[PDB]
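Structural description and commentary
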Amino acid sequence: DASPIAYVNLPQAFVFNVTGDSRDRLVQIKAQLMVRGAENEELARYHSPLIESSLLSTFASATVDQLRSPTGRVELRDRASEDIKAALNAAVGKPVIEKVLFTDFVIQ
Amino acid sequence: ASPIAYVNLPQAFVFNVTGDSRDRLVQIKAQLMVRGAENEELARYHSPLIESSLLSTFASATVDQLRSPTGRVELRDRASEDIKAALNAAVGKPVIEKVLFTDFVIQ
Amino acid sequence: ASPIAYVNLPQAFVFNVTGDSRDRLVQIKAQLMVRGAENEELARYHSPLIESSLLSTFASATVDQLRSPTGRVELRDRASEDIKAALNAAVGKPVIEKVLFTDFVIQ
Amino acid sequence: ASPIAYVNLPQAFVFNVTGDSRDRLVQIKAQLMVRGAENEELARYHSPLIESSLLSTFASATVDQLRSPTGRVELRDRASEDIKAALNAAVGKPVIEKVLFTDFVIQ
Amino acid sequence: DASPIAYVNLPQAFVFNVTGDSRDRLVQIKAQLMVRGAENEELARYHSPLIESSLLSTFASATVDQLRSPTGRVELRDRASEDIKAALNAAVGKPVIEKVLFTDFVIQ
Amino acid sequence: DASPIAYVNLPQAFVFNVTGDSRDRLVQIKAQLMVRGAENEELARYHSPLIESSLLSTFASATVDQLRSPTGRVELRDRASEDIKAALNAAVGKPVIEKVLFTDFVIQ
Amino acid sequence: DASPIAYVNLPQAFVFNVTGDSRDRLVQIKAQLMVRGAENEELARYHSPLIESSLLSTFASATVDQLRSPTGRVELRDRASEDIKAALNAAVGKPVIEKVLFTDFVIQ
Amino acid sequence: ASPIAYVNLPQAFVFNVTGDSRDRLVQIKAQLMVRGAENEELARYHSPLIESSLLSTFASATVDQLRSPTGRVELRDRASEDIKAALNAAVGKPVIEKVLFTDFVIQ
Amino acid sequence: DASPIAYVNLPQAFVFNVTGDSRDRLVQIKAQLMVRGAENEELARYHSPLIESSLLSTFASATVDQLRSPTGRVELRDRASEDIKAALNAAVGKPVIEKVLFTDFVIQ
Amino acid sequence: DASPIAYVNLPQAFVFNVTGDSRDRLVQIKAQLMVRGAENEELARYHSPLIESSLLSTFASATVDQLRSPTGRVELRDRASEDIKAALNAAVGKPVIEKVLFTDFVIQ
Amino acid sequence: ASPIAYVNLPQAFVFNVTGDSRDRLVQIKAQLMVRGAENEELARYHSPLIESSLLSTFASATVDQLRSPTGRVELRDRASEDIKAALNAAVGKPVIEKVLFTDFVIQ
Amino acid sequence: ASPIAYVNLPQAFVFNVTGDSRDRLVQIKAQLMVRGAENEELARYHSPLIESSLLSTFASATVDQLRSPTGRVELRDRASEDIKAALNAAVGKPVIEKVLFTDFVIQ
Amino acid sequence: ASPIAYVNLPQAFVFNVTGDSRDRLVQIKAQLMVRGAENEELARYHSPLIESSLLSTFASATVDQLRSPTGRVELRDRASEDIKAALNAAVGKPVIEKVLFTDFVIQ
Amino acid sequence: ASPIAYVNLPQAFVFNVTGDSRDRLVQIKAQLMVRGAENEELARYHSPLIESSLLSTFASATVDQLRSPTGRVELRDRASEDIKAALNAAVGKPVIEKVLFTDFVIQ
Amino acid sequence: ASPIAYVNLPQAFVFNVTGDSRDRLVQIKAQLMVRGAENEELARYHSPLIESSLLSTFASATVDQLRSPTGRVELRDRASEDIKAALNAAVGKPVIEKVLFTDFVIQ
Amino acid sequence: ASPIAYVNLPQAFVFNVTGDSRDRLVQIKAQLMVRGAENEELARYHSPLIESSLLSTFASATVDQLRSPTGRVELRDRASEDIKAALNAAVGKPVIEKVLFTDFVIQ
Amino acid sequence: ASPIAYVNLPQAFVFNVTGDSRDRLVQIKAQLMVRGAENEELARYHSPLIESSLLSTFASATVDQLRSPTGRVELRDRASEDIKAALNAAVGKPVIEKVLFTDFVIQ
Amino acid sequence: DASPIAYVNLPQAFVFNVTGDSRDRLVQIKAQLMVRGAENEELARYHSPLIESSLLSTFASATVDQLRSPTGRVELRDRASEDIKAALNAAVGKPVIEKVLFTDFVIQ
Amino acid sequence: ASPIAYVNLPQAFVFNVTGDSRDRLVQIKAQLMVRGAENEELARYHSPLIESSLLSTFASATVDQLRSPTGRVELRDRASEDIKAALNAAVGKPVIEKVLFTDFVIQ
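Residues numbered from 1 in each chain as written, not as in the entry; some residues may be left out. Chains lettered and ligands numbered in written order. Part of a larger assembly, values for the part shown. Heavy atoms only, no water.

In the PDB header, X-ray crystallography is given as the technique by which the entry was determined, and 3.3980 Å as its resolution.

The partner chain Q presents 17 residues to the 17 residues of chain P that form the contact. Of the roughly 1500 Å² buried at the junction of chain P and chain Q (both faces included), carbon and sulfur atoms supply 50%. It is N16, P48 and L55 of chain P that lose the most area in chain P upon contact with chain Q, and together they represent 29% of the buried surface on that side. In this assembly, chain P and chain Q are joined by 2 salt bridges. Taken together, chain P and chain Q are joined by 6 residue pairs in polar contact. Broken down by element, the residue count for the side of chain P that touches chain Q peaks at 6 residues, all from helix α2 (residues 47–58) of chain P. Residue composition of the side of chain P that touches chain Q, by class: 9 nonpolar, 6 polar and 2 charged. (Contact = heavy atoms within 4.5 Å. Buried area = accessible area lost by both parts, 1.4 Å probe. Salt bridge = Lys/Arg side-chain N within 4 Å of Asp/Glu carboxyl O. Polar contact = N/O pair within 3.5 Å; in protein donor to acceptor, adjacent residues only side chain to side chain. Helix = DSSP H or I, 4+ residues; strand = E, 2+ residues; numbered from the N terminus. Nonpolar A, V, L, I, M, F, W, Y, C, P; charged D, E, K, R; others polar.)

So, on to unusual backbone geometry. Within the chain, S22 of chain A stands out as a residue other than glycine whose phi angle is a positive 60°. As for its position among the elements, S22 of chain A is in the loop between β2 (14–17) and β3 (26–36). The class for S22 of chain A is exposed, based on a relative accessible area of 73%. A positive phi is found at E98 of chain G, a non-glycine position, where the angle reads about 80°. Following the sequence through the fold, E98 of chain G ends up in the loop between α4 (70–91) and β4 (100–107). Assessed through its relative accessible area of 35%, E98 of chain G is described here as partly exposed. (Buried < 20%, exposed > 50% of the residue type's maximum accessible area, 1.4 Å probe, protein only.)

At the level of C-alpha atoms, the two units chain B and chain D stay apart, their nearest approach being 19 Å. At their nearest point, the C-alpha atoms of chain G and chain I are still 19 Å apart, with no contact between the two.

With respect to the secondary-structure elements, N16 of chain B resides in strand β2 (residues 13–16). Residue class for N16 of chain B comes out buried when judged on its relative accessible area of 11%. At 3.3 Å, the side chain of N16 of chain B forms a polar contact with the backbone oxygen of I106 of chain C. When sequence neighbours within four positions are dropped, the list of residues in contact with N16 of chain B reads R24, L25 and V26 of chain B together with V105 and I106 of chain C.

The interface of chain F with chain G comprises 19 residues on the first partner and 19 residues on the second. Interface of chain F and chain G: buried area, both sides summed, is about 1600 Å²; carbon and sulfur atoms make up 50% of it. The three residues of chain F that bury the most area against chain G are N17, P49 and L56 of chain F, which together make up 31% of that side's buried surface. Inspection of the chain F/chain G interface yields 0 salt bridges.

To describe two helices that pack against each other, one gives the angle between their axes and the distance between the axes. Residues and elements named next belong to chain D. The geometry of helix α2 (residues 47–59) relative to helix α4 (residues 69–91) is characterised by a closest axis approach of 9 Å and an angle of 140° between their N-to-C directions. Between α2 and α4, the angle is such that the two are oblique. Our pair here, α2 against α4, has a crossing hand that is right-handed. Judged by residue contacts, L49, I50, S53, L54, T57 and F58 of α2 engage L75, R78, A79, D82, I83, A86, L87 and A90 from α4. Partitioned by chemical class, the residues of the contact of α2 with α4 number 10 nonpolar, 2 polar and 2 charged. (Axes fitted to C-alpha atoms, helices over the stretch in contact; angles between N-to-C directions. Parallel < 35°, antiparallel > 145°, perpendicular 65-115°, else oblique. Left-handed = near helix turned anticlockwise from the far one by under 90°.)

Right, let's talk about helix α4 (residues 69–90) of chain S for a bit. One turn of an α-helix holds 3.6 residues; hence residues three or four places apart share an orientation. Spanning 22 residues, α4 of chain S covers 32 Å between terminal C-alpha atoms, matching the ideal 32 Å at 1.5 Å per step. Of the positions making up α4 of chain S, those classed as buried are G71, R72, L75, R76, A79, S80, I83, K84 and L87 of chain S. Where α4 of chain S is buried, its residues meet α2 (48–61) of chain R together with β3 (23–35), α2 (47–58), α3 (63–66) and β4 (96–105) of chain S. Phi for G92 of chain S, located one or two positions after α4 of chain S, is positive at around 70°. (Expected span 1.5 Å × (residues − 1).)

Turning our eyes to something else, we now look at the sheet that holds strand β1 (residues 5–17) of chain I. Residues and elements named next belong to chain I. Spatial ordering of the open sheet is given by β1-β2-β3, a layout of 3 strands whose pairing is antiparallel. Each edge of the open sheet is held by one strand with a lone partner, namely β1 and β3 (99–107). If you compare each strand with its neighbour and ignore which way they point, the axes differ by 15° on average. In the sheet, strand β2 (residues 26–36) pairs with β3 via 8 bridges, with the strands oriented antiparallel. Each bridged residue has a counterpart across the sheet, and for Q28 the counterpart in β3 is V106. (Pairing = 2+ DSSP bridges.)

Here it is in structure tokens:
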């Protein structure tokens, strides 16, 4: 009965440009948020516009050398998850989420 | 430090880059982050004016402010201060706290 | 002063510029900024005249004016002063305060 | 005179130019600015005749009357008198006051 | 001519082809009927299938250079009106229409 | 003698391939029947399949020059009327229709 | 009585390829049945799947010579009718249709 | 001399048979002609077995047999005897009399 | 002695690539399960996701030459039906199906 | 006492890239979860976002010779299963699934 | 001779007849039997006149006439004559042949 | 002379007439019979005036007139002359020919 | 002989019968039994005439006949013979074989 | 001499008048009769004021006026002049020509 | 020994039986049990005749049989054997095996 | 401003008043007559407060006032002055000109 | 000088009060009048608590109060100050300014 | 500063009878819950079938004079709250709700 | 222990109990409170057996028990043990933990 895991769905997928090597490509990322506790579930859901901002800002600084690599995608989640906590810690004083989950990842 | 509230701007801003031979379009989906139930009421009512302040900021953005991480973050700080200055002249008070970009593509 | 109100012109304006290089289509979305319930009523009831006035204003602009930041700002001002000068000759009062552009593409 | 009224012609006037080196289509969307409660009634009833007078005006228009800013204004003036002359010869009254162009593109 | 004016709509536009220079075009004309009197308005609707045919037989005998000229267009509209009157006089003995109105005219 | 005119709709659009010379051009013909008399009206409706068959039989001999001259179209339209009669005249003993009308005629 | 005319509709058009052919040309025939009598109409409807089978056989055996000559169609409508009668004569012991009718015919 | 019944197979049989230089696609729409009421009840229940037997028969044919009308006749008889043999080993009864073809295209 | 035959449907159309991609082709298969007894019919429906999995595993080894020869197609049908039995033999302890039936087989 | 089999569907099909050798290739895997027990069935549904994230992190690290060889997917399913069990063990403390099934696999 | 055709009058005729104990509410549903396609056309278009002549006929019926078979055959054969005379004055043709009673309650 | 046309009055007439003891409730469904397309056009357009003349005539009729079929015909011709006299004063034309009763109950 | 066919008469029959202490409603739902494909064609087309010959027959039956089992059997044959005598006068053929009663209530 | 137009008042007027032995529920359905498009435009817009003037005139009449045929005629001429006097103080113009009664029940 | 199959009769049976004080209202919902695929085909096609033989049998039953449990078994068997006699004369075959009662109420 | 506007109150005003014999319902349908576009904006926005001032006024009405034509006029004039008093205390402006009663039934 | 806003409570308050002769069903529909966008937010969120304090006040009132125009005001003020007492204990703010009654009946 | 207030709606009204001195008067109560904290809002919604039971057991024990007296309803309100807290302390271990609210209360 | 779950029973239990003067209805709305994810599946799948065991317990209780607050508590505890006894005999598990009554009227 310790703080139960809950998943806040970010329904709108993230399309963005990768700063690629002379290749104009689009990356589509469908993500969700893993939280623990009820008041974190309603906080991450209520502040989802700010969370959608932290993710899109993180995905821009990601290189195609970092997206194509499996190890880079793992490091991408860590940096994307930490960037949300830094923004929420400054806005509401709480690190609401505990990690962000990628459920779809294509490079079109 | 009133509770935070987010005002949505539904129409995504579709505009073209600053003078490029390969004519590409920019699509930005934005929202407003306000503090206070009164500012939220003001941010919704004057949102047509806020949308114009965002376009005047986007249409004057350089290529660096569209393809660089530091450039995009500056454009966010650029667009926010433009809105505060525009609303400070219309209603006498800066309504928003900052602008939020939830989608940003160049195609 | 009377409270600020906005009148939305829902249909976007598509028009050809008098360009000399190639064929060009420009799409502009606009709303009206008025003050007072009296002018807000007139702005809606005379939207056909206002939609007509904006189209005649845009058609005279060249592409270089659309890319220069001052060209757009002086086009918005020229568009606003034309609607006022047109509604002054139809009802006797400059209904609107200024024209607001919320989206702008050259394609 | 009487308060102004606007009669909408929902038919979009699509026609082709006397193309210099290629075929090209023009799309015109027009309304009717009339003064009076009886003129508004007359303009809406005889809108087929009014729509016919506009097609005859557009089909006889040069390319200068279509792509020039001054000539496009001339096309509006000539189109108004064609309707006045038609309705005066049909009902005895020049029902409309002037024709308004809400959309004017050349694909 | 003393009766009030009425307008009978022909809702289906007229698609036909005319002999071009060497390639035939495809002309589309949206037309309406102008009548005077409730009796002529009554007949113009009931006999519209015959009126639709008399216009098609008129447009079939048209050429492109006749279409791209003010006189050739006015000649065509006036000829299309007399042909219907001749057709309806032969059927019901009354030229129920005053003239044919052209509301839209494209040629592609 | 002079019965009230009635128009019977043949809803099927006649698409057929004219024996083109330059290329294989299609033909789209939409027809309606002009009859006089209430008995002829329901006879034309009940025998519409037979009347449509008589229209395809006469269109099978149509050449390209047949469908492009206005004199040849009237020549064809008259052959369509007299053939529909002869078919119905030998099937039900009565020439049912008066004329056949063409309300849509394109070639492309 | 007089064995009144009756028409049984075959709603789906017949699409098949001409035999031979330089290429593999497609043709589309929309057919109906013209039966005589109230009992033959019931038989023609209930036995339509077999009647549709008898038409595919007759259709898929026609030459491009036969499908483009206007008299070749006549020799085909009669061949389609005689084949259905022979088929139904062995199925139910009665010739049912007395003829078949074409309402649309294209050679794409 | 039991009553004749027609069991319909809605989904048309789309398959491919290799020619000389073609990835040739064939479409066949078929129905089942049965005799008696018990077989009509059995032909509907055992349709997946019947549809499978038909697909197995068509795949074994060559484009030569699909061209010649005689070859198509011995394709119905080969499809019928295959269906009967398939139902004999499953329910001990040849359920159908003959399989009918209503559509046959090759493009 | 003979249990009643039942047919369990698999509405999923199996789409997969031919393994030999020197000739890059795509094949679509629609299958149905043939079982006996009401208990096996109940089992085949409940374990359909497992049965769908065994078919995909069988379709992975199918060679392009095996998909073309009809003797190889029945070699694949008699193999895919055995793999399903082996799969269900290990999961629930009894071979649920009798054979797999193919109702659509195209190589696009 | 026994734990009957239960299948937990994942309706979202997985779309990703291979890091292809010749060019960028698109893959589509449609998966389902095969659990045992009633508590695990509801655990598999509630933690679907975490499970879908683990399958994506597994499919991304897979190569082309894995996705084109039959046993390469056999190794992929095991790695897909073991990664989910390791993820859920750190999150909820139980290896919920015990295996993952593939019902559709296309590398286009 | 001029094949029989039936023209349906969907309006169920509702009218009152004066009895002795209480007022009687009669309800009649009728049709029209005509011969010839032209008389069938006239019977439909002149239905408001035919419905009028049936009400005038049924309103004069005594309660003893309704509760009597020979009285209803008298009323049935009388309403037909009253329609033939009504249409002879309007179009000069005895359109119908007879009137059919399909339902008859008196309650 | 001219073709007969029937203009239907969809809204039935409900009113009250005083008998001996109670106040009665009458329900009349009426249709107009005209000759000529001109009069059919006027009877439809001037229907509210026609619906007023019928109510002005019905409420002035007694129960002994509504009950007597010989006197009920007098009401039909009385209502017709009242409409003709009314329309002769509004448009100078006796538009209708006669009023028709298609349903008549006396509750 | 000829194939049996049943022609449904969906509009059920509702009529009164003269009792002693009350007028009782009678609701009969009937169908037609025909033999041959042509009689079925006539029974449907001449259905309004057939529905009339039943109302003339049903209304002439006393309560002592409707309650009796034998009374219903003779009424059925009487209603059947009445239709044949009616259709022999109209189209010279006795179309039906016998009338069937599928519902019989007396209230 | 302007063309006649009719303005419909949809919401019926339900009011009370007090007679002997009971109250009275009166229900009047009315339409306006105007001449000219300007009056037609004014009558529709000022209907809430017109509905009030009718209710103010209706609720002030005695039961002997609603029951008398001549009493209703003078009520129309009284209700009409009360509207003209009301609209003379509102917009300085008597808008209507007369009021019409299309349904008049009294319970 | 053919497989069992049930043919439904959806519309229940309503009929009257004579009791001591009143007429008792009986409602019977019934189905048919047949053996064989062909008999099931005839049972549905000859439902109007089977519905006739059932109502003809139910009318011959009294209250002391319906309220008696053993009196309903002989009724179920009488209704069954009476149907077989009706179909032995109609189609030369006894179609059903026996009739089934699923719902049964009185009064 | 000069132009008259009507603000509608769609809620029915149902309330009770104690009479000389029994409690009495009242149903009043009211609308607001304002002058000017700015007043129309306040009247719609402050309808909850205005609806309260009407109920607070109608609650104090006596049965002899609602039935007296002079009383309703005084009540109508008192309900308007009460509304102007409430809006003067809330927004500092007397928004409405008068209150209009379109439907009034006491019962 | 804060803007006024109205928070509606849709579910009308139905409660019972004990009278001299029987119980009386009182039905009150209320709205909330607040000043400030912040107080409008709390009034909506805490409406379940506000609907409770109103019933805790309404159900504790007498019939002599609800029939008194003065006591009805003292109730409206008692309910207004009772809500401030609860919200000053829940969130420490007098969220509302007063309560409004839009309908007040006693059944 | 304890926790933000939240309201959990019990949309099903409570209907029950009480034995009056003359009749069996019917009561109708529509209730809601006031909780503080996001977890208590989550628990009160999930355990609503238990909370609705603790109200019916409490309401059914109340007399008729206890309902008409406003001082008795405040006692019934504060009593129904403690009966829920004791029920949830034994069920889940937390006094989830803070107090019960009454939005509608009639007697018949 | 295992987590708590609630298995709803949508069938409201309607039955009768024998009172001293008449038979009083009883309406009990019940739900199942299970502990364990497996028990939830068993409780849902065995609802027909559970609904059977509840009615066997409800239809056996007396009126003095259903009206007793303490008598209802031991009814809830007895109906709970009745389900556990039945499910232990069928599946060898006491699936439920206790029954919950959500609504309980007797009327």
